[PDB]
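Participant: here's a sequence, model it:
(8 chains, ligands or ions: 2)
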Amino acid sequence: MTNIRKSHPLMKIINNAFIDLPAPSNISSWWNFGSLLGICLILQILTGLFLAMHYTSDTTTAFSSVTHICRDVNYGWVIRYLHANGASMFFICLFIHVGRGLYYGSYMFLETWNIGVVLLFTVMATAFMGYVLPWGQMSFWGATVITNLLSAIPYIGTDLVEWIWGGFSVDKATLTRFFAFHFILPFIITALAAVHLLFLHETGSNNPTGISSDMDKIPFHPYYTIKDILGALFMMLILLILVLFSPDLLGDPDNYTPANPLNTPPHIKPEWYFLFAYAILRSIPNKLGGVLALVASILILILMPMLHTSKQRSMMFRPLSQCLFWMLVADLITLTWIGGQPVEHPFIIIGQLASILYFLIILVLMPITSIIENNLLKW
Amino acid sequence: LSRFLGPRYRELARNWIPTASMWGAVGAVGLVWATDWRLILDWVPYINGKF
Amino acid sequence: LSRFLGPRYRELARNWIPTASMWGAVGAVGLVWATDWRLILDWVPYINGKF
Amino acid sequence: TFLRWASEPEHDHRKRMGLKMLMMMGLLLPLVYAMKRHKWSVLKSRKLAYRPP
Amino acid sequence: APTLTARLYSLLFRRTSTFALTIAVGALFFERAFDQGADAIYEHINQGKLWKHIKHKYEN
Amino acid sequence: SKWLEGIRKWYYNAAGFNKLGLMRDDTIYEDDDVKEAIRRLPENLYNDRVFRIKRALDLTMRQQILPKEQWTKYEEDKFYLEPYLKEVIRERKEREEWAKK
Amino acid sequence: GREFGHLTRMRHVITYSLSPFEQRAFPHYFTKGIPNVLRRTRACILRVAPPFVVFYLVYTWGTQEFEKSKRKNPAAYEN
Amino acid sequence: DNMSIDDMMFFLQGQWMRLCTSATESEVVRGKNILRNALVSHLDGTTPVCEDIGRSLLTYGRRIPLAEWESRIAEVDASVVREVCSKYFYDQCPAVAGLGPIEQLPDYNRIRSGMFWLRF
Ligand code: HEM
Ligand code: HEM
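Facilitator: Numbering: from 1, shown residues only, chains lettered A, B, ... in the order given. Ligands and ions are numbered 1, 2, ... in the order given. The coordinates are given below.
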């Protein structure tokens, strides 16, 4: 005989992936965010499927549709705010996982890291398209601002922007296209996540120490399944705190006014997850330079494996790199704060210096510091 | 199917019938609780207090 | 870049430059063909009839 | 107050669900943590001894 | 002498069918009890505001 | 030399591989050259490295550090892998030079 | 490929484990836990904190400077 | 072998749980006959008989006659086997010792989980 778990094909795949997968025994709670990310993706898919049963993509009926969900669909407010704040939880976990990979040298898993970069881009696109769907003033004007950035691309910017718009400006066509894309993209994200896990399982999972843990591998089923359930429960606590006590904490009030294309909102600012890229974009005076810098901010992650110069994979045993990494985190927080703030004398200079510091820390300071640490260790 | 009509299989059925009955009881209680089946629940004391 | 700086690699580049140039031309023609780039296509005699 | 009700007709129900969720989380998180500790105690108490020949 | 927890284990927890029976019956009764208790807690916290409290003054 | 040694010792203590009982070569990233160097290690050294790494991983699992008396000293840290890694890198460099021309 | 049987070669490492039901889930959770948390925080704080202190200073300065910028200048209306 | 420890553990624990939950009369008869023959064969020759006498006097305080052994074995039924195997084998924490290439040997939590059946 044979155990069905180990011999049946689908059960074989499932067992290898999450029941008998050799997992490092010293993985910390920063290794719970990724499974939290998958839970967030599933939760977003379900909540959105239930929302879309009541949402209409025509400009005449979109805002009324969202109001219908909030005030008339049974438990509709729960689903709507679960989706809205789940997007924020999604991006929080995404940033935390990017930080974990940066700090512990998980980017050395080149294929997994690059697939993750692709996933990050796809999720950002999904969030931006979703924000336009409610069709509030913020949705319309933020879409107008962000899409207009593509016009900067030389000799094809205008045609590409008009093709995306479906017309001369953001309008019913753009809303319908964004509803379709917002629906389809998450499943592409799920497939990319499957590829991500495949590539990760090829090489295993890096531990906090940065040293190979083949000696101390523990089964995932009797240990990390319960650890991830606990982490998911904590994340659910936070998300439900948002949904049931501060449903509008992370959202701008202006999106509760129907979009008026003839009057701009007093402040046109993107969602909080996009704010650092917005600050970087505003930092560069030239439009094309701003667009290229915004692209490079996310794409600099691709260059992270090459920039590695330390003889040690993880930053746990490298203090100066730890100081630089925490400087980078503070800089990202500063960029978000600046992107939220109006463009004025105090904020403009701070944003420019912060963008310079972000790129400098990633490209120059970190590798030179790693080399200095290598010399100090006599390596 | 003729393979399973023997004394030993009858013994196995006898051994597992109580556990199968317990699983059926679990399923019935779960169905009543999940669907809030008032036909059964209304007879249940201190739960009839609802509705 | 340190490894790929030697006499053999320079020879290897020379061998493959004719192929790379030909593939680049294939991309150039395909882009112009697919996009119907009137700027480039106007020069071509027979395709010029399109416009 | 009326305008606040209009904007958020689910205000009181949201508050009730929040109270219930806070109590349920207060119950579950300690118990799930206890389950995780129960499973991980075997590793946490593990004593490893290198005994070369 | 068996303790209360030992009696619980032997009677219900040992065989997973009785374990699930315990789980389900407790689920039904805990739904009832917790909903009742937390509703009472919230109604006390907001006594005199909730419509249910003030419905009598305007009905009939 | 004394000033450089003092700063190096400060970095050694600031990094925590000593606290977990690990030696410096225990913390090297396992690239292909390092993998071959480990493959070439004598059995005693390989086993000692394996146990040190396992103990460090267990300590990190419980978020604990080894008792201060048992911390590896800067003087007594022995670079066991460095000669094998140097030999491996030399062989790789020779092969690359042959490939170049 | 990566399966428990053939992951790595290890020799002469003896591990002693205890059943979960024979050991307490929370042993010395506070008597030992709080000192260990304090030790980890002592180790981390010097590296982690300073950048966020810099952020707080920058944030306060920027907010105060913007508030000052909005404020009226008496000299403008002196004439 | 190094790669067969997990399967062997699965099958051994499965047999334990199968005896605990769904034991059958025919295998009980086979086991009773095996025990009877083992008892009779072992007590053959002066060395085994003398060893049995001394050890029985030390342990049982008396040498249980083969007739008493046979009676006690006859009393055994599928119900008795199920009851005793449930008492000693089911949901009871095991003690495991491993030597050699034992990496595939299941972790203690998994071995303990094998000691009970979710179905039962
Ligand atoms: C929808 C978005 C994402 C999901 C659902 C997701 C999911 C996961 C999961 C479940 C894991 C394994 C669990 C863990 O290591 O904690 C993982 C690992 C990983 N992810 Fe993600 N991820 C997402 C986005 C990203 C992004 C944006 C990056 C980098 C910019 C990234 C890079 C990584 C890396 C490097 C690992 C390996 C960590 C390690 O080996 O310790 N992922 N991901
Ligand atoms: C990671 C996956 C997803 C993310 C991060 C995301 C993000 C968002 C965000 C931030 C909003 C704005 C909420 C608001 O302004 O109140 C939104 C709205 C919406 N999304 Fe998604 N979404 C995701 C997946 C989906 C899916 C799978 C569907 C449908 C199957 C969907 C359908 C909708 C609908 C109907 C709305 C309108 C809700 C409203 O107007 O309040 N989304 N989404």
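Participant: and the helices in chain H?
Facilitator: Read by DSSP state H, chain H holds these helices, from start to end of the chain: H:5-22, H:25-42, H:46-59, H:66-75, H:78-89, H:108-114.
Participant: same deal with chain E?
Facilitator: Under DSSP H, chain E gives helices at E:4-8, E:16-45, E:51-58.
Participant: touching chain D at all, the longest one?
Facilitator: It refers to helix E:16-45. Yes - judged by CB under 8 Å from any CB of the partner chain, helix E:16-45 comes into contact with chain D through E:34, E:35, E:38, E:39, E:41, E:42. Every residue, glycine included, has its C-beta placed from N, CA and C.
Participant: so what's the fifth one up against?
Facilitator: Translated: residue E:41. Taking CB atoms under 8 Å, 6 or more residues apart in numbering or on different chains, we find residue E:41 in contact with residue D:19.
Participant: tell me which residue is most central in chain F.
Facilitator: residue F:25 (0.6 Å; CA atoms, centre = their mean).
Participant: these two touch, right, it and residue F:83?
Facilitator: No - with contact defined as CB atoms under 8 Å, residue F:25 does not reach residue F:83; the gap is 10.2 Å.
Participant: near chain H, which residues of chain G show up?
Facilitator: Counting by CB under 8 Å from any CB, chain G sits next to chain H at G:3, G:4, G:5, G:6, G:7, G:8, G:10, G:17, G:19, G:20, G:21, G:22.
Participant: going by distance to residue H:101, which of those residues wins?
Facilitator: residue G:5 (7.6 Å; CB to CB).
Participant: so that closest one, which of the three states?
Facilitator: Here residue G:5 is recorded as helix under DSSP: H, G, I helix; E, B strand; the rest coil.
Participant: how far away is it from chain F?
Facilitator: Noted for residue G:5: a distance of 17 Å to chain F, by CB to the nearest CB, to the nearest Å.
Participant: on that earlier part again, select only the buried ones of the residues of chain G next to chain H in ChimeraX?
Facilitator: Remark: buried members of these, expressed as a ChimeraX selection using 16 or more other CB atoms under 10 Å in any protein chain shown:
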select /G:4,7,10,17,19,20
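Participant: can you redo the residues of helix E:16-45 next to chain D as JSON lines with distance to residue H:19?
Facilitator: Listed next are the residues of helix E:16-45 next to chain D as JSON lines, based on distance: CB to CB, whole Å:
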{"residue": "E:34", "distance to residue H:19": "42"}
{"residue": "E:35", "distance to residue H:19": "45"}
{"residue": "E:38", "distance to residue H:19": "48"}
{"residue": "E:39", "distance to residue H:19": "51"}
{"residue": "E:41", "distance to residue H:19": "52"}
{"residue": "E:42", "distance to residue H:19": "54"}
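Participant: what's the ChimeraX line that selects buried ones from these?
Facilitator: ChimeraX command restricting those to the buried ones, with burial defined by 16+ other CB under 10 Å:
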select /E:38,42
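Participant: what number of residues lie near the residue of chain H found nearest chain A?
Facilitator: Nearest residue of chain H to chain A (CB to the nearest CB) works out as residue H:109 at 3.6 Å. When neighbours are defined as other CB atoms under 10 Å in any protein chain shown, residue H:109 has 23 of them.
Participant: roughly how far does it sit from residue C:19?
Facilitator: Residue H:109 sits 59 Å away from residue C:19, taking CB to CB, to the nearest Å as the criterion.
Participant: equivalent analysis for residue H:85, please.
Facilitator: For residue H:85, the distance to residue C:19 - CB to CB - is 74 Å.
Participant: among those two, which residue is more densely surrounded?
Facilitator: Between residue H:85 and residue C:19, counted using other CB under 10 Å, residue H:85 has the larger neighbour count: 17 against 9.
Participant: pretty sure the more buried one contacts residue H:16?
Facilitator: Yes - if you go by CB under 8 Å, residue H:85 and residue H:16 touch, sitting 7.1 Å apart.
Participant: was I right to think residue F:8 contacts residue A:376?
Facilitator: Yes - between residue F:8 and residue A:376 there is a contact at 5.4 Å, judged by CB under 8 Å.
Participant: who has more neighbours out of these two?
Facilitator: Neighbours per residue (other CB under 10 Å) separate residue F:8 from residue A:376, with residue A:376 holding more: 19 against 15.
Participant: now do the contacts for the nearest residue to residue H:49 once chain neighbours are set aside.
Facilitator: Computed as CB to CB, 6 or more residues apart in numbering or on different chains, the closest residue to residue H:49 that is not its neighbour in sequence is residue H:43, at 5.5 Å. The contact partners of residue H:43, by CB under 8 Å, 6+ apart, come to H:49, H:52, H:66.
Participant: please report the distance of residue H:43 from chain D.
Facilitator: From residue H:43 to chain D the distance is 42 Å (CB to the nearest CB).
Participant: mind listing what the closest residue to chain B within chain F touches?
Facilitator: Across chain F, the shortest distance to chain B (CB to the nearest CB) belongs to residue F:61, at 37.4 Å. Counting by CB under 8 Å, 6+ apart, residue F:61 touches A:25, A:26, A:216, D:43, D:44.
Participant: what do you get if the cut-off is 7 Å, keeping everything else the same?
Facilitator: Contacts here follow CB atoms under 7 Å, 6 or more residues apart in numbering or on different chains; on that basis residue F:61 touches A:25, A:26, D:43.
Participant: now do the contacts for the spatially most central residue of chain D.
Facilitator: Residue closest to the average C-alpha location in chain D (CA atoms, centre = their mean): residue D:29, at 2.9 Å. Residues in contact with residue D:29 (CB under 7 Å, 6+ apart) are A:233, A:234, A:237.
Participant: hang on, the first one is in a helix, isn't it?
Facilitator: Yes - Residue A:233 forms part of a helix when assessed by three-state DSSP.
Participant: hmm, it is touching residue D:30, no?
Facilitator: No - the pair residue A:233 / residue D:30 is not scored as a contact, 10.5 Å apart, by CB atoms under 7 Å.
Participant: more neighbours, those two?
Facilitator: Legend: neighbour count by other CB under 10 Å for residue A:233 and residue D:30, higher for residue A:233 (15 against 10).
Participant: distance of that one from residue A:74?
Facilitator: For residue A:233 relative to residue A:74 (CB to CB), the value is 26 Å.
Participant: close to ligand 1: what parts of the stretch 1-150 of chain A are there?
Facilitator: A:31, A:33-35, A:37-38, A:41, A:94, A:97-98, A:101, A:106, A:109, A:112-113, A:116-117, A:119-120, A:123 (CB under 6 Å from any ligand atom).
Participant: from the residues you listed, which land in strands?
Facilitator: In strands, defined here by DSSP state E, there are no members of those.
Participant: for residue H:74, which non-adjacent residue is spatially closest?
Facilitator: Here the residue nearest residue H:74, using CB to CB, 6+ apart, is residue H:32, at 7.3 Å.
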